[PDB]
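Take a look at the structure below.
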Amino acid sequence: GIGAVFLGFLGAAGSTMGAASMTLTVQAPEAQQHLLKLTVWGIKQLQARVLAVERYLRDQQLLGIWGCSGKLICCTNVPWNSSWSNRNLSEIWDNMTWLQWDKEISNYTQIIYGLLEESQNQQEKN
Amino acid sequence: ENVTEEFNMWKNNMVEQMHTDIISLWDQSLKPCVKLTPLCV
Amino acid sequence: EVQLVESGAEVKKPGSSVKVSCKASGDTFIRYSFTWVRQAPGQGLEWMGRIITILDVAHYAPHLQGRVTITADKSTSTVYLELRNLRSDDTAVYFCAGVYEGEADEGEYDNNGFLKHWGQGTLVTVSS
Amino acid sequence: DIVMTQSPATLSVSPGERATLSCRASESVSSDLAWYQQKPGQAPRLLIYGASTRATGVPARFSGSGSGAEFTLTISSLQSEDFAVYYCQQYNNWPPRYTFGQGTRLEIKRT
Ligand SMILES: *[C@@H]1O[C@H](CO)[C@@H](O)[C@H](O)[C@H]1NC(C)=O
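Chains as they are written, first to last, in PDB author numbering: chain F, 514 to 540, 558 to 656; chain E, 87 to 127; chain H, 1 to 52, 52A, 53 to 82, 82A to 82C, 83 to 100, 100A to 100K, 101 to 113; chain G, 1 to 95, 95A to 95B, 96 to 109.
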């Protein structure tokens, strides 16, 4: 279901971060004791799926704070600032991968989110 | 597949979780007759 | 198996506190468990307290709890006794008996509940 | 706490006859019976502890056997100077609450 966008697959990833966006769009006997112990085994899966959907809605709420919503890919009007780990597009294209891309932006993630949020509120009235 | 993860047997926190859980297991399972706890300052 | 070098009586006048000494020497001291027993004149024996030498724990009877403590030290290796609000009928002969309880230093223990070895006791003299 | 009693308080039995004394408690007495004898003016001496184990340095005449709520001591020969008090002890509780009996006195039937 929609929880499969989080973690339900054997997704190898590893392939280039830039080229990974192509996959982004593609992405019993009636025993009383057995029943009373299967109840928890099932609630432990209902919890997982329900948490998946509310986490989805939380991300969409944050995206609505960021302007683009329901959008798998966004292009916000904030040019990249080199002050966070000055690198070059060739290295970002070649030597990076999605799982390997958070390790350098882990510290700048909060400030990136902050500016991204603050780059919108002035559009409403002027 | 084709995924590399930086495991660390020494900074694992699951170990601390297990330690606390087992501590709580023994504290209830085994009853000592005369316990002695310093609790210094 | 155990030799005692306990002090004398030094029993003070009624209305004061008493410090009954219990001293054993010549051999080890920590292995044994100690039991204090009271004996009123003409009555039966009455257990009064126990102390575990190597654990420094004490157990008293429910009614004398808060009225008596049994203190001990290992540097001198002796056990004292404290009695507060001393009352005349409390005048009785005391015993600080000991029992061997295995190699306590190496960690082994027995914690026997019987009493085998007894002290000399305590001598009293009543007069007006 | 719990306290046991010994009955009869004293036995007027002349020397030369079998004597058997048992201290009975409301709880189990099959493995935690302690027997004492104190001469008048001295510290008590253990005779049989654990209801079957024999105290070190004590003549083989004394013994303790039995089962359940029935325990007996067998004497092959009686000794007049052995006439003294008989104390029963039970310490089957933790935290430790030891309560003695009251002692039984036996005397030769002097004329
Ligand atoms: C990753 O490894 C798998 C097999 O382990 C292989 O099929 C795949 O082509 C590899 N992809 C990249 C980008 O290295």
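Every residue gets a Cβ at the ideal spot worked out from N, C-alpha and C, and that includes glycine.
Going by the C-beta, is residue i closer than 8 Å to any heavy atom of ligand 1?
i          : result
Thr-529(F) : yes
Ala-525(F) : yes
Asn-88(E)  : yes
Considering only C-alpha positions, which residue in the set the options is nearest to residue i?
i              : options                                        : result
residue 553(F) : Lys-655(F), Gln-630(F), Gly-514(F)             : What the structure lacks is residue 553(F): chain F is numbered 540, then 558, with the residues between left out.
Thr-90(E)      : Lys-633(F), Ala-558(F), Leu-646(F)             : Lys-633(F)
residue 171(H) : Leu-100K(H), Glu-100D(H), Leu-108(H)           : Residue numbering for chain H in the displayed model covers 1 to 113; residue 171(H) lies beyond these limits and cannot be assessed.
residue 138(H) : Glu-27(G), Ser-28(G), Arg-45(G), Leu-33(G)     : No answer is possible for residue 138(H): it lies beyond the span of chain H, which begins at 1 and ends at 113.
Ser-613(F)     : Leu-593(F), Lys-655(F), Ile-641(F), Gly-600(F) : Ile-641(F)
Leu-537(F)     : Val-583(F), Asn-618(F), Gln-563(F), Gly-524(F) : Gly-524(F)
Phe-71(G)      : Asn-92(G), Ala-55(G), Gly-57(G), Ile-48(G)     : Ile-48(G)
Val-78(H)      : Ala-60(H), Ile-69(H), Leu-82C(H)               : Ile-69(H)
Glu-46(H)      : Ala-100(H), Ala-93(H), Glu-100B(H)             : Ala-93(H)
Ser-649(F)     : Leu-565(F), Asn-625(F), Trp-623(F), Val-608(F) : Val-608(F)
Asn-651(F)     : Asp-589(F), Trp-623(F), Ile-595(F), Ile-603(F) : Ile-595(F)
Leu-82(H)      : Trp-103(H), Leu-100K(H), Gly-49(H)             : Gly-49(H)
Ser-76(G)      : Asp-1(G), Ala-9(G), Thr-10(G), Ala-19(G)       : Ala-19(G)
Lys-73(H)      : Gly-104(H), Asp-100A(H), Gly-42(H)             : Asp-100A(H)
Rounded to whole angstroms, what's the CA-CA distance from residue i to residue j? Just pull it up for me.
i          : j           : result
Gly-98(H)  : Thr-110(H)  : 38 Å
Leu-568(F) : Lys-574(F)  : 10 Å
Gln-38(G)  : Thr-87(H)   : 20 Å
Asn-99(E)  : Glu-92(E)   : 14 Å
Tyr-32(H)  : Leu-80(H)   : 17 Å
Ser-80(G)  : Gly-26(H)   : 36 Å
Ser-84(H)  : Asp-107(E)  : 56 Å
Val-3(G)   : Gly-99(G)   : 8 Å
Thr-5(G)   : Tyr-90(H)   : 23 Å
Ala-69(G)  : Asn-92(G)   : 15 Å
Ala-55(G)  : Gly-101(G)  : 19 Å
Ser-22(G)  : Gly-57(G)   : 22 Å
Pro-559(F) : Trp-571(F)  : 16 Å
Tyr-643(F) : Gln-591(F)  : 13 Å
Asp-55(H)  : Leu-100K(H) : 19 Å
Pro-59(G)  : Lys-117(E)  : 41 Å
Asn-88(E)  : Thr-529(F)  : 12 Å
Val-85(G)  : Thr-123(E)  : 44 Å
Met-626(F) : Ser-615(F)  : 14 Å
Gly-106(H) : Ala-43(G)   : 7 Å
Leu-63(H)  : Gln-90(G)   : 20 Å
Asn-637(F) : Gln-563(F)  : 50 Å
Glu-27(G)  : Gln-103(E)  : 45 Å
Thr-639(F) : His-105(E)  : 33 Å
On the three-state DSSP scale, how would you describe residue i?
i              : result
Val-111(H)     : coil
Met-104(E)     : helix
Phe-29(H)      : coil
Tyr-643(F)     : helix
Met-535(F)     : helix
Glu-81(G)      : helix
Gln-3(H)       : strand
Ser-65(G)      : strand
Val-18(H)      : strand
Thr-109(G)     : coil
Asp-589(F)     : helix
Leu-568(F)     : helix
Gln-562(F)     : helix
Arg-95B(G)     : coil
residue 125(H) : Chain H is shown only over 1 to 113; residue 125(H) falls outside these bounds and no answer can be derived.
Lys-633(F)     : helix
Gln-575(F)     : helix
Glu-81(H)      : strand
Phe-100J(H)    : coil
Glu-70(G)      : strand
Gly-98(H)      : coil
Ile-51(H)      : strand
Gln-89(G)      : strand
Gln-37(G)      : strand
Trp-96(E)      : coil
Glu-100D(H)    : coil
Any heavy atom of ligand 2 closer than 8 Å to the Cβ of residue i?
i          : result
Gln-100(G) : This structure does not include ligand 2; its bound ligands are ligand 1.
Segment contact flag, the segment 61 to 80 of chain G with the segment 6 to 15 of chain H, C-beta cutoff 8 Å, min 3 pairs: no
Given 8 Å, three or more beta-carbon pairs between the segment 19 to 26 of chain H and the segment 38 to 50 of chain H: Not touching, per the Cβ criterion.
Taking contact to mean 3 or more Cβ pairs, one atom from each stretch, closer than 8 Å, check whether the segment 97 to 107 of chain G and the segment 12 to 19 of chain G are in contact. yes
Is it the case that the segment 614 to 628 of chain F contacts the segment 585 to 592 of chain F, given that we only count it when at least three CB pairs across the two stretches are under 8 Å? no
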